[PDB]
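Labels A, B, C, D, E, F, G, H, I and J are assigned to the chains in the order they are written; within every chain, residues are numbered from 1.
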Amino acid sequence: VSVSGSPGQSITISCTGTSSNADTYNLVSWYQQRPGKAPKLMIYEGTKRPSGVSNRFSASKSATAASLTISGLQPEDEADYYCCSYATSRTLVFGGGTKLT
Amino acid sequence: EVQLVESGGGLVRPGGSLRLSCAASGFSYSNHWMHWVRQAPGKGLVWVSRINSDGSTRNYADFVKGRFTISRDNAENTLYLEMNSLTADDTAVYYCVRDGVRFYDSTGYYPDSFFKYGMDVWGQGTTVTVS
Amino acid sequence: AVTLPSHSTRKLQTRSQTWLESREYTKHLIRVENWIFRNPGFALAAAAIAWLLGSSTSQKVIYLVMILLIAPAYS
Amino acid sequence: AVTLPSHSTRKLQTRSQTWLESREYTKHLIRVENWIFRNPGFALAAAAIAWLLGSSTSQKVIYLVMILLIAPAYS
Amino acid sequence: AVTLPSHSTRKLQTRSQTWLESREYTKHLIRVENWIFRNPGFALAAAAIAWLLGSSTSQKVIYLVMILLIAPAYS
Amino acid sequence: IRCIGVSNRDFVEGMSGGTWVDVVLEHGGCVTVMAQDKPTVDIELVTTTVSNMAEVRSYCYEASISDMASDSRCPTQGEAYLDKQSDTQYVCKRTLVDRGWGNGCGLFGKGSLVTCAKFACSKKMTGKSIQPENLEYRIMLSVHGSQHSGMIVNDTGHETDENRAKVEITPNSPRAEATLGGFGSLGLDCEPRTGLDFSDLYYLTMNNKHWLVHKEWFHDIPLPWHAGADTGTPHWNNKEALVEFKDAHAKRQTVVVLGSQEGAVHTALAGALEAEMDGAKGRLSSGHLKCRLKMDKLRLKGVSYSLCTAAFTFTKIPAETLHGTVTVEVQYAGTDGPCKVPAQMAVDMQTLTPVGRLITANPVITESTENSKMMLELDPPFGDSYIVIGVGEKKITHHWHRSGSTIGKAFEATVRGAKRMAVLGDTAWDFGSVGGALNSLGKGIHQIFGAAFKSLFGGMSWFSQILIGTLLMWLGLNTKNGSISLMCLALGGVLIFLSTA
Amino acid sequence: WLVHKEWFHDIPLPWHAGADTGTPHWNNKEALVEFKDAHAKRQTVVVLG
Amino acid sequence: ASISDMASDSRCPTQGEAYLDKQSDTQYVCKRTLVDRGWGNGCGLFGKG
Amino acid sequence: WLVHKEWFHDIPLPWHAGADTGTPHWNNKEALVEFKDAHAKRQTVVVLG
Amino acid sequence: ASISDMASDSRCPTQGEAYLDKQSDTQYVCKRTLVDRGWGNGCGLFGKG
């Protein structure tokens, strides 16, 4: 639901779906929403980072969960983070979201 | 850069109808998938629906049991979301989203199962209030 | 659909006129006459196929007529 | 109206499929088969009217088939 | 269901043993031997049906063998 | 590029005039023209639009009858008279009815009864004429070579791309040139007027569905009709076949309408082309064109580039098209600027002997950056082979195996030729028509035999044709003459035309 | 109309089977819908008029 | 007849067969066919989809 | 096992197709349920084991 | 396989054909047949149901 961090440190936000084909996390996408701002995507296809998004953000995935890692935390980083993936072949679903302070 | 602009959001009574619109410019609108997502006040993001380039394929989430109807006009670069029988649970900000990752498939038509995606281009969202 | 079996097969017979009676005769006659008036070359080919079949003259003329009636309906 | 000339006479030919292509085969076969299945006795009547006509065996079987086609369309 | 087509038709041929390589020969022979053991008189009926067909002795013995193989599988 | 996956494409390999090569393009497929020293060009017809058609003879397929009226004459009088009879918006039918001493007219002869009803139409179909003008064919060109992987199916950027072109052809300007920057210019000389034999095809619309329709089938349809462009309230002709004047027990007439007549027209339109329409323009979905390709100003971009000396990688290894050609996508790691890609098909890597054919061109990598991507397709030999890329000790190699044998390839080529002829007539004789004396005589005799075969037969559709095919097969088997050869050939023609499907 | 039997069983249109009670289901679902396809790369569904 | 919200699916050159979740409904007409795919549509292989 | 295609297509059992998403649907409804009839309008449904 | 709550419906010798409301579901197997009826079970006429 929430994670706390200090400037300069690294924080990892996890995303887990229960019993979904053990495939899903290959396609999980990570989105950032700062307070009062339009959502911005930081990660797609599980681990690929778009151009323009800082190299500070990184992503990892397994057969059971996905993880988003932010090293060298900055005061900007405080925001809501959402993971999203396929519920079925024709659907999309966003996670519960984590508020990073 | 591409800019998406929502329109049509406003106060309406429970059970009313409402037509949201989305104006796009600056890219090949006729070739990208489009999405409607929502976020309730003080709540998280909730995916609503998606449509193809031509409008052949339309996918809706489970909470919309046929209440919503997504459509588009590529010649006008316009997206539409018809809404019928509104309730209070749907009062929220609706974001119009462009799907460019599919644009692998520059046609934006073939709706493969579990195709790669990630939503980076969002509109500012329009507020709908069912009160 | 496409088939829609005609009901004149089971014509209900009574003193009162049926649903579409005044049209049957010219119905079939007109269909065949129009189809032939469009494509005469098939009249020639049917004459030839009839002539190459059938020993006597009567069988040849009957073959001509039956081909000229089968082809318009593609039955 | 009743007649309505079919367009398959002038079948427009090209690589792409036509309006109703998947239906022609079973269209005609289904019409004939259903009509014969409804009225069996005409099979016997056609066999007799064939056997009385035509010398050889092949000519008589051709007659039987042509009658059994021309009747279900009442062509 | 009932049919479940046998896979030995497409026997994957390779140096290693297959799934059930111990049972094929005994399988077919056991089925035939058991069925003939249970119902003998059909041997007589097959002898008669074979004897009525086929001129020489070789053809008659071949027809007998083929009947006795085609009956137990009810193929 | 633009042709790779189409699965209905054929190669027009060969150019024996040093120049133009005739080619016939269809909506279904696409043509890849490859020459001796000229880059492999891919051509495809995309859409044919028709605009501002004139309107002729619209039909009314849903009638409505407003108000009935009737008049009876008490047998020894004149004739039953209604003033409505003179109005041409009303249907009037005259019959005889039993009268006398019950109805108040003293006599017992038959009397005259006239019934009239107002005819008011509903939604209805329009036919329009396709003149040779205002017909525009859109032809897309693309070129093999340095193309990326995705660029085979991209949407726009034609003017920027420098390897793809779009040509519009109308009978006002049949001849055009596609300017491919760096490759020169490819000239197309086409005959639009004789494409699909328009001037026999009307454009038919009912309600947001549009077809092509033969002039004869349209002129022979029984329904209410009025010629010319419509407006206001029309004057319907033949205001019948939708109105039924049925008779009661010799004492009345009742007037009924036949409902909506639309499914009957839909199933009557069996074997006609579909079409789609946006705005005034309507884009057909099937046709064919005959364009000769003046390739006298095509150059080769790659020549006079040194070979690349770096290492190559396989991003997605190889794909195999339906026709057997192999598509490879190579990634280049070094930075040598634009340079040739050394690629070939080989067996016995000890001595690399070129086997097979490389159908792309002089492969090049255009960009000069760290990592570049290119795509090339090659035609393998029927045995097992190796795809070799690179020069020495860094040459990436792949194993590739093609199934067919040359006899199978020749058989499939003859089958493709047969289907093309069955579809196109003599214009199939004009497919790869470099142009000689044998080809012209073939085309001439095919024209004559086709005219005869279309005049005699060609009023049949997949069942009359199959039946007459079997009948002529038999009669030719057992007629005992040279007419056996005549009839067996007629059977072959008809039955192939049938089983092409 | 009065309509013979054996003309009211072999007629090719989508047919229900009696009492329309809740949600309708038609057994044929055929002869009323035409599944054309474009040149090998699409599909389109239309209804008869 | 009257028709409604069309939908479609397609799953490759070498995978199984397409399956919409609206095929498990007795109100939808559904047809299954083959389409040309590969190198221009999203899936690397060239058979019929 | 390694099975030869054309033996994994001519097999008579309820067959799904590919994507397992939610509540599955088998397009067979035959060869695994036996609808055995009684007498005097009695009908019974059994499964094969 | 595994089976579940059976159900059934019958009709008058003349009334038409049976239709259960669970036939419009793609998860149920349904079979239709003829049953002897009349004056004993509840519907007066003696044809097959």
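Throughout what follows, a residue touches a chain if its C-beta (ideal position, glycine included) is under 8 Å from a C-beta of that chain, and two chains touch if they have at least 3 such contacts.
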Going by the touch criterion stated earlier, list every chain that contacts subunit E and also contacts subunit F.
none
If you tally the C-beta contacts, which comes out ahead, I-J or D-G?
I-J
Distance in whole angstrom between the CA centres of subunit F and subunit J is 51
Centre to centre, by mean C-alpha position, how many angstrom separate subunit H and subunit I?
23
Whole-Å gap separating subunit E and subunit J, where each centre is the average of the chain's CA atoms
44
Taking each chain's centre as the mean of its CA atoms, subunit D sits from subunit I at a distance in Å of 39
Scan subunit A for residues touching two or more other chains and write them down.
88-90
Among subunit B residues, those touching two or more other chains are 59, 104-107, 111, 113
Which positions in subunit C are in touch with at least two other chains?
1-3, 5, 9, 19-20, 34-35, 38-39, 53, 70, 74
Give every residue of subunit D touching subunit G within the complex, in rising order.
15-17, 19-20, 22, 34, 38
So, in the complex, the side of subunit E touching subunit I is made of residues 1-5, 7, 9-10, 12, 19
For the subunit H and subunit B complex, residues of the former touching the latter:
5-12, 37, 40-43
Can you list the subunit B residues touching subunit H in their complex?
56-59, 69, 102, 104-107, 110-113, 115
Listed in rising order, subunit I residues that touch subunit E in their complex are 1-4, 6-7, 10-13, 30-32, 48
